[PDB]
């Protein structure tokens, strides 16, 4: 289905089931198909599962502008308002965690019950003297140059790090890598590069302090994209009352990789009863 935003943008989304709503917010450079395993899991447990495609991704309008967290959060606000959703759990992966954080910062928690941050970017990714465990600027430069040099090959090469597929004995399939590429080919090239600038450099520390709902932070300690020590370990300390679950040996692609995705589904379903 399509939600038309305040600006006339069409946001595509899946809306399955009946019950309290669980809204899933995907990472770069994918789309709501990155959550089909979790959407089935929550609807089979008696929840309504919704997953939208960010502007410029999947089947949403291939826009030029608005690749910034304030716009992503307002687009999320339009979807929650159009469907008049209440008592919602927002579940976000990777840069989707910035959309979730900025939604709380801008619109508050009146429609929300709880939140889940899976392998998410808050509080801030960029390395500096204040954040010595963050990601160096050269990495973000390299991501943007990869998308501009030849994006199709770049997604094939990036899938290796995304799933930590360099680890001997991993459970990542060739299919996982092919599906990563398939989802990424639907993203605009401008969303490809502008999202890097947004997720690398935006600081969500002040938004995190406004959380007043139960929050679960899950993060793998072999995440080669979003470093656990700079992000998940810190957001769990800033968000009031947050719980942290470290997934030993897990990559950045926990929701899609065999074995890890069942562990996450089990944790998510336990948390949803809160």
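Numbering follows the first chain given and starts at 1.
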Tell me which of 27 to 35 and 226 to 234 has the higher mean C-alpha B-factor in the deposited entry. 226 to 234
Averaging CA B factors per stretch from the PDB record, which one is higher: 74 to 82 or 113 to 121? 74 to 82
With respect to the C-alpha temperature factors reported in the PDB entry, which of 97, 191, 175, 108 ranks highest? 108
Comparing recorded Cα B-factors across 240, 56, 220, 66, which one is largest? 240
Comparing residue 150 with the other modelled residues of its chain, is its CA B-factor in the lowest, middle or highest third? lowest
Would you please rank residue 93 by its C-alpha temperature factor against the other modelled residues of its chain and give the third it falls in: lowest, middle or highest? lowest
Where does residue 252 sit by CA temperature factor within its chain: lowest, middle or highest third? lowest
Assert third(CA B-factor, residue 215) within chain per record equals middle
Within this chain, which third does the Cα B-factor at residue 166 fall in: lowest, middle or highest? highest
